[PDB]
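For reference, final-v5.txt is printed below; it contains compact mmCIF, C-alpha atoms.
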```txt
# COMPACT_ATOMS: atom_id res chain seq x y z
CA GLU A 51 -23.83 -189.77 -9.61
CA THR A 52 -21.90 -187.41 -11.87
CA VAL A 53 -19.49 -188.05 -14.71
CA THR A 54 -16.88 -185.63 -16.04
CA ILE A 55 -16.61 -185.77 -19.82
CA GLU A 56 -13.54 -184.48 -21.64
CA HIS A 57 -14.21 -183.19 -25.14
CA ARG A 58 -12.94 -180.70 -27.70
CA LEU A 59 -14.32 -177.70 -25.82
CA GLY A 60 -13.09 -178.74 -22.38
CA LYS A 61 -14.59 -180.65 -19.47
CA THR A 62 -18.27 -180.97 -18.59
CA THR A 63 -19.68 -182.50 -15.41
CA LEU A 64 -23.26 -183.74 -15.19
CA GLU A 65 -25.39 -186.35 -13.48
CA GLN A 66 -25.58 -189.64 -15.39
CA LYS A 67 -28.58 -190.52 -17.56
CA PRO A 68 -29.86 -187.04 -18.37
CA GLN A 69 -33.56 -187.33 -19.19
CA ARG A 70 -33.96 -184.34 -21.50
CA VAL A 71 -31.32 -184.18 -24.22
CA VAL A 72 -31.08 -181.51 -26.92
CA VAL A 73 -28.94 -182.40 -29.92
CA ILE A 74 -27.40 -180.10 -32.53
CA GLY A 75 -25.52 -181.77 -35.40
CA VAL A 76 -26.27 -184.84 -37.52
CA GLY A 77 -23.32 -186.87 -36.27
CA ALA A 78 -24.32 -186.36 -32.64
CA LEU A 79 -27.94 -187.23 -33.49
CA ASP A 80 -26.82 -190.37 -35.40
CA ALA A 81 -24.77 -191.74 -32.49
CA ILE A 82 -27.33 -190.73 -29.86
CA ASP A 83 -30.25 -192.29 -31.72
CA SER A 84 -28.16 -195.37 -32.64
CA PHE A 85 -27.46 -196.09 -28.96
CA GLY A 86 -31.17 -195.87 -28.19
CA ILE A 87 -31.52 -192.40 -26.70
CA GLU A 88 -34.41 -190.14 -27.77
CA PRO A 89 -33.79 -186.36 -27.65
CA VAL A 90 -36.41 -183.74 -26.81
CA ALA A 91 -35.26 -181.21 -29.43
CA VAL A 92 -32.96 -181.31 -32.46
CA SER A 93 -31.36 -179.12 -35.07
CA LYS A 94 -33.08 -179.07 -38.43
CA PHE A 95 -31.23 -179.49 -41.72
CA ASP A 96 -32.65 -179.98 -45.23
CA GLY A 97 -30.06 -182.70 -45.85
CA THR A 98 -30.87 -184.87 -42.82
CA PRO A 99 -30.24 -188.54 -43.82
CA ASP A 100 -33.05 -191.05 -44.21
CA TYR A 101 -32.00 -193.06 -41.17
CA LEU A 102 -32.84 -190.01 -38.99
CA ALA A 103 -36.02 -189.02 -40.84
CA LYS A 104 -38.32 -189.02 -37.82
CA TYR A 105 -36.36 -186.12 -36.35
CA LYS A 106 -37.35 -183.95 -39.30
CA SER A 107 -40.90 -183.55 -38.00
CA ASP A 108 -42.44 -181.06 -35.56
CA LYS A 109 -42.70 -183.88 -33.04
CA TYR A 110 -39.18 -182.65 -32.23
CA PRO A 111 -38.90 -178.87 -31.66
CA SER A 112 -36.12 -177.14 -33.59
CA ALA A 113 -32.98 -176.42 -31.60
CA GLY A 114 -31.70 -174.39 -34.55
CA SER A 115 -29.51 -175.16 -37.56
CA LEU A 116 -26.27 -177.14 -37.71
CA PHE A 117 -24.38 -173.89 -37.10
CA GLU A 118 -26.74 -171.59 -35.18
CA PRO A 119 -28.54 -172.78 -32.04
CA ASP A 120 -31.98 -171.40 -31.21
CA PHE A 121 -31.07 -170.42 -27.66
CA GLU A 122 -34.58 -169.32 -26.75
CA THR A 123 -36.18 -172.63 -27.73
CA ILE A 124 -33.37 -174.63 -26.14
CA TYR A 125 -33.89 -172.79 -22.85
CA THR A 126 -37.63 -173.46 -23.03
CA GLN A 127 -36.95 -177.19 -23.43
CA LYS A 128 -35.18 -177.35 -20.04
CA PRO A 129 -32.41 -179.69 -21.16
CA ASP A 130 -30.40 -181.80 -18.76
CA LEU A 131 -27.76 -182.15 -21.49
CA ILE A 132 -26.98 -180.40 -24.77
CA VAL A 133 -24.84 -182.34 -27.27
CA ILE A 134 -23.43 -180.40 -30.23
CA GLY A 135 -21.31 -181.20 -33.28
CA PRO A 136 -18.28 -179.18 -34.35
CA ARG A 137 -20.31 -176.88 -36.63
CA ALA A 138 -22.06 -175.25 -33.65
CA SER A 139 -18.99 -175.12 -31.44
CA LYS A 140 -18.55 -171.34 -31.60
CA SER A 141 -21.77 -171.21 -29.59
CA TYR A 142 -20.55 -173.53 -26.86
CA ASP A 143 -19.95 -170.81 -24.27
CA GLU A 144 -23.53 -169.59 -24.61
CA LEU A 145 -25.03 -173.09 -24.58
CA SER A 146 -22.94 -174.05 -21.54
CA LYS A 147 -24.83 -171.44 -19.51
CA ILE A 148 -28.15 -173.15 -20.22
CA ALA A 149 -27.17 -176.71 -19.36
CA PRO A 150 -24.19 -179.03 -19.35
CA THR A 151 -23.02 -179.14 -22.96
CA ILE A 152 -20.70 -181.61 -24.67
CA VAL A 153 -19.07 -181.40 -28.06
CA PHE A 154 -19.24 -184.57 -30.17
CA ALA A 155 -16.58 -184.47 -32.85
CA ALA A 156 -13.61 -186.10 -34.56
CA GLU A 157 -10.04 -184.78 -34.17
CA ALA A 158 -7.66 -184.67 -37.15
CA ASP A 159 -4.48 -184.77 -35.07
CA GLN A 160 -5.24 -187.98 -33.14
CA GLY A 161 -7.14 -189.35 -36.13
CA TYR A 162 -10.78 -189.98 -36.98
CA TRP A 163 -11.19 -193.47 -35.51
CA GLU A 164 -9.22 -193.02 -32.28
CA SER A 165 -11.12 -189.81 -31.56
CA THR A 166 -14.49 -191.20 -32.65
CA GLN A 167 -14.08 -194.12 -30.21
CA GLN A 168 -13.69 -191.62 -27.40
CA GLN A 169 -16.82 -189.76 -28.54
CA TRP A 170 -18.84 -192.98 -28.34
CA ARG A 171 -17.22 -193.83 -25.00
CA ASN A 172 -18.26 -190.38 -23.78
CA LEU A 173 -21.87 -191.20 -24.66
CA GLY A 174 -21.47 -194.57 -22.93
CA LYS A 175 -20.42 -192.81 -19.73
CA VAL A 176 -23.16 -190.20 -19.89
CA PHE A 177 -25.93 -192.76 -20.36
CA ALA A 178 -24.42 -195.70 -18.46
CA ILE A 179 -24.37 -197.90 -21.56
CA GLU A 180 -20.66 -198.69 -21.60
CA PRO A 181 -21.12 -202.38 -22.55
CA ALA A 182 -23.17 -201.59 -25.66
CA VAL A 183 -20.65 -198.97 -26.69
CA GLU A 184 -17.75 -201.37 -26.22
CA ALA A 185 -19.49 -204.09 -28.23
CA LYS A 186 -19.99 -201.62 -31.07
CA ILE A 187 -16.40 -200.43 -30.85
CA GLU A 188 -15.04 -203.99 -31.01
CA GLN A 189 -17.15 -204.64 -34.11
CA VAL A 190 -16.15 -201.50 -36.00
CA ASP A 191 -12.50 -201.62 -34.94
CA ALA A 192 -12.09 -204.99 -36.66
CA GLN A 193 -13.39 -203.49 -39.90
CA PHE A 194 -10.95 -200.57 -39.72
CA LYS A 195 -8.08 -202.93 -38.96
CA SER A 196 -8.88 -205.22 -41.89
CA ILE A 197 -9.11 -202.36 -44.41
CA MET A 198 -5.89 -200.79 -43.17
CA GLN A 199 -4.08 -204.10 -43.54
CA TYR A 200 -5.32 -204.47 -47.10
CA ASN A 201 -4.07 -201.02 -48.15
CA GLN A 202 -0.71 -201.47 -46.44
CA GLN A 203 -0.33 -204.88 -48.11
CA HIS A 204 -1.19 -203.33 -51.45
CA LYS A 205 0.44 -200.08 -50.39
CA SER A 206 -1.12 -197.41 -52.57
CA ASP A 207 -1.97 -193.71 -52.56
CA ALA A 208 -5.32 -191.94 -52.57
CA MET A 209 -6.36 -188.42 -53.38
CA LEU A 210 -9.39 -187.06 -51.57
CA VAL A 211 -11.27 -184.48 -53.64
CA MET A 212 -14.31 -182.49 -52.61
CA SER A 213 -16.51 -180.78 -55.20
CA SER A 214 -18.68 -177.83 -54.26
CA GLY A 215 -20.22 -175.17 -56.50
CA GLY A 216 -17.67 -175.99 -59.17
CA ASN A 217 -14.74 -175.74 -56.74
CA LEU A 218 -12.47 -178.77 -56.40
CA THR A 219 -10.51 -178.96 -53.15
CA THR A 220 -8.17 -181.56 -51.69
CA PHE A 221 -7.60 -182.72 -48.11
CA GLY A 222 -4.83 -184.83 -46.58
CA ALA A 223 -3.97 -186.88 -43.49
CA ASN A 224 -4.24 -183.99 -41.03
CA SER A 225 -7.69 -182.91 -42.12
CA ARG A 226 -11.31 -183.70 -41.38
CA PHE A 227 -10.77 -186.69 -43.70
CA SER A 228 -7.86 -188.06 -41.65
CA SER A 229 -9.65 -191.45 -41.61
CA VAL A 230 -8.59 -192.14 -45.20
CA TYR A 231 -4.89 -192.03 -44.32
CA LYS A 232 -4.55 -192.65 -40.58
CA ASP A 233 -7.24 -195.31 -40.15
CA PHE A 234 -7.92 -196.88 -43.53
CA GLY A 235 -4.24 -197.06 -44.44
CA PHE A 236 -3.93 -195.13 -47.70
CA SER A 237 -0.95 -192.89 -48.32
CA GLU A 238 -1.40 -189.38 -49.74
CA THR A 239 -0.92 -189.10 -53.50
CA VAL A 240 0.46 -185.65 -52.78
CA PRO A 241 1.38 -184.57 -49.25
CA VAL A 242 -0.86 -181.57 -48.62
CA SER A 243 1.68 -180.33 -46.04
CA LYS A 244 0.20 -178.24 -43.22
CA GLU A 245 -3.53 -178.12 -43.90
CA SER A 246 -6.35 -175.69 -43.35
CA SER A 247 -9.97 -176.15 -42.29
CA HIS A 248 -11.54 -175.89 -45.77
CA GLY A 249 -8.95 -177.75 -47.86
CA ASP A 250 -6.70 -176.59 -50.70
CA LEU A 251 -7.99 -175.46 -54.07
CA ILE A 252 -7.14 -177.72 -57.00
CA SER A 253 -8.39 -178.41 -60.54
CA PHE A 254 -8.93 -181.25 -62.97
CA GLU A 255 -5.47 -180.52 -64.36
CA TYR A 256 -4.05 -181.15 -60.87
CA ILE A 257 -5.91 -184.48 -60.61
CA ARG A 258 -4.67 -185.59 -64.04
CA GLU A 259 -1.12 -184.30 -63.53
CA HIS A 260 -0.68 -186.01 -60.14
CA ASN A 261 -2.43 -189.16 -61.35
CA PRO A 262 -3.71 -190.76 -58.11
CA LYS A 263 -4.05 -194.56 -57.97
CA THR A 264 -7.27 -194.15 -56.00
CA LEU A 265 -9.59 -191.17 -56.19
CA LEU A 266 -12.12 -190.54 -53.41
CA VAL A 267 -14.73 -187.94 -54.30
CA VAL A 268 -17.04 -186.04 -51.95
CA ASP A 269 -19.98 -184.34 -53.70
CA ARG A 270 -20.77 -181.60 -51.22
CA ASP A 271 -23.62 -180.29 -53.36
CA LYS A 272 -25.57 -183.53 -52.83
CA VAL A 273 -26.56 -182.41 -49.32
CA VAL A 274 -26.61 -178.63 -49.91
CA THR A 275 -28.28 -178.17 -53.32
CA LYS A 276 -32.06 -178.58 -53.61
CA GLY A 277 -31.41 -181.10 -56.39
CA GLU A 278 -29.70 -184.43 -55.82
CA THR A 279 -28.14 -185.08 -59.23
CA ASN A 280 -25.06 -187.23 -59.85
CA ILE A 281 -21.69 -185.48 -60.03
CA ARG A 282 -20.24 -188.60 -61.65
CA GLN A 283 -21.74 -187.70 -65.03
CA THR A 284 -19.90 -184.38 -65.00
CA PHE A 285 -16.87 -185.21 -62.82
CA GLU A 286 -15.69 -187.94 -65.15
CA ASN A 287 -14.49 -185.73 -67.98
CA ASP A 288 -11.52 -186.24 -70.31
CA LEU A 289 -8.89 -185.20 -67.75
CA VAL A 290 -10.22 -187.61 -65.13
CA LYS A 291 -10.55 -190.48 -67.64
CA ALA A 292 -6.83 -190.14 -68.38
CA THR A 293 -6.18 -191.04 -64.75
CA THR A 294 -4.98 -194.38 -63.34
CA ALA A 295 -7.83 -194.28 -60.82
CA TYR A 296 -10.45 -194.23 -63.55
CA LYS A 297 -8.78 -197.00 -65.55
CA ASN A 298 -8.38 -199.30 -62.53
CA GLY A 299 -11.98 -198.53 -61.66
CA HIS A 300 -10.88 -196.99 -58.38
CA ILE A 301 -12.84 -193.75 -58.37
CA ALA A 302 -15.11 -193.91 -55.33
CA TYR A 303 -18.00 -191.49 -54.68
CA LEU A 304 -18.08 -191.31 -50.89
CA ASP A 305 -21.39 -191.05 -49.04
CA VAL A 306 -21.60 -187.33 -48.36
CA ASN A 307 -23.71 -187.59 -45.21
CA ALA A 308 -21.45 -190.20 -43.65
CA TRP A 309 -18.09 -188.52 -44.39
CA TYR A 310 -18.90 -184.82 -44.29
CA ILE A 311 -22.16 -184.16 -42.41
CA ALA A 312 -22.71 -186.82 -39.75
CA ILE A 313 -19.28 -186.57 -38.21
CA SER A 314 -18.47 -189.47 -35.89
CA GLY A 315 -21.95 -190.95 -36.22
CA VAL A 316 -22.42 -194.67 -35.62
CA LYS A 317 -24.29 -195.29 -38.89
CA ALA A 318 -21.98 -192.77 -40.53
CA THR A 319 -18.88 -194.68 -39.49
CA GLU A 320 -20.41 -197.95 -40.63
CA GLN A 321 -21.06 -196.32 -43.99
CA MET A 322 -17.47 -195.04 -44.20
CA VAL A 323 -16.33 -198.62 -43.69
CA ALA A 324 -18.72 -199.86 -46.39
CA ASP A 325 -17.46 -197.18 -48.79
CA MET A 326 -13.82 -198.14 -48.19
CA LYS A 327 -14.60 -201.85 -48.65
CA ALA A 328 -16.24 -201.07 -51.99
CA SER A 329 -13.20 -199.15 -53.24
```

So, in terms of structure tokens, how does the structure I just supplied come out?
Amino acid sequence: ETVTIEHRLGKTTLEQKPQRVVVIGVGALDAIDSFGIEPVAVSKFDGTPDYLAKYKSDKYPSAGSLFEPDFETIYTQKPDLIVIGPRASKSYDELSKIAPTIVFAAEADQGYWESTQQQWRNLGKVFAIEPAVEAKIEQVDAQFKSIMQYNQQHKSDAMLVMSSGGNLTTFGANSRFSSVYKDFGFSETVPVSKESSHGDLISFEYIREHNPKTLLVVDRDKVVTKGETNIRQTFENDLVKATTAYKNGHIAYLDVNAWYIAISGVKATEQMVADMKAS
């Protein structure tokens, strides 16, 4: 009773309904928990979102960080399946020795939502819960479709800006934030041409000069800094105020967990939808 799952790091074959699942990555944990599966070990991250709070405790042994698996502990846990997010993917070859391993991740080229659907469908196949997955997909798909229509019918541009340690970077349609353009129906204020993993460095002068109609802001420090203060107070300086986005009240502060950390999560994707509705 095996299934063969195709994912970013190739093909993995395993018996359906693995009993002992180890999960690395918040997005993988989000979708897995959301569909009613309880893992035996999980990565630990200081920024784990409230909706996954139970996994922060020692009830669940640490499988490592978001980036670096604890191979020794994972082996000790005797997993039937290891599910990892893209952050840990350099360790896939090593994890694949221990047990069938699947990568759970979005793809910029095919687009966030099309690829995320497949990730949930992959879970559906592994755990024989296809109907529940399809019900969820139908629900969320309608939300994507409605938002996209809106933005095409009021065809307008958006600039996606991330702020981290004082660095402002921008990302376009062929980036980890492909959802904004390919799924939610915005056009790029400025075509960021061929992209790169970590975005392109910009400045407040760039934001003001290019004058986006909609400005979507990701405060990376929210989930990385020990503090949780509001970037808005500082982000909205004179240069940003002079922007159309500010005036039209279309600066949106995206949920950092949902958009940046918990990639392809169920709750994460629902939050992305909520954020887009709001803006």

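Proximity of A:162, A:85, A:95, A:194 to residue 115 of chain A, computed with all atoms listed in the file, is greatest for A:95.
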
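When the distance limit is 9 Å and only C-alpha atoms are what count, the residues near residue 98 of chain A, minus those fewer than 5 positions from it on the same chain, are residues 76, 103, 105, 106, 273, 307, 311 and 312 of chain A.
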
Kindly save the residues from that selection, with C-alpha atoms included, as a PDB file, in the frame of the given file.
```pdb
ATOM      1  CA  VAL A  76     -26.270-184.840 -37.520  1.00  0.00           C
ATOM      2  CA  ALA A 103     -36.020-189.020 -40.840  1.00  0.00           C
ATOM      3  CA  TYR A 105     -36.360-186.120 -36.350  1.00  0.00           C
ATOM      4  CA  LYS A 106     -37.350-183.950 -39.300  1.00  0.00           C
ATOM      5  CA  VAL A 273     -26.560-182.410 -49.320  1.00  0.00           C
ATOM      6  CA  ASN A 307     -23.710-187.590 -45.210  1.00  0.00           C
ATOM      7  CA  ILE A 311     -22.160-184.160 -42.410  1.00  0.00           C
ATOM      8  CA  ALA A 312     -22.710-186.820 -39.750  1.00  0.00           C
TER       9      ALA A 312
END
```

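Surrounding residues of (-25.6, -191.2, -17.7) at most 7 Å away are residues 65, 66, 67, 68, 175, 176, 177 and 178 of chain A (based on all atoms listed in the file).
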
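In this comparison, which uses only C-alpha atoms, the residue of A:116, A:295, A:152, A:318 approaching residue 208 of chain A most closely is A:295.
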
Subject >> Contact residues around residue 173 of chain A with all atoms listed in the file at 12 Å, ignoring same-chain residues under 3 positions, as a PyMOL selection string >> reply: chain A and resi 53-57+66-68+71+78-87+131-133+152-155+166-170+176-184+314-316

Original post:
How many Å separate atom CA of residue 109 of chain A from atom CA of residue 143 of chain A?
Top reply: 27.7 Å
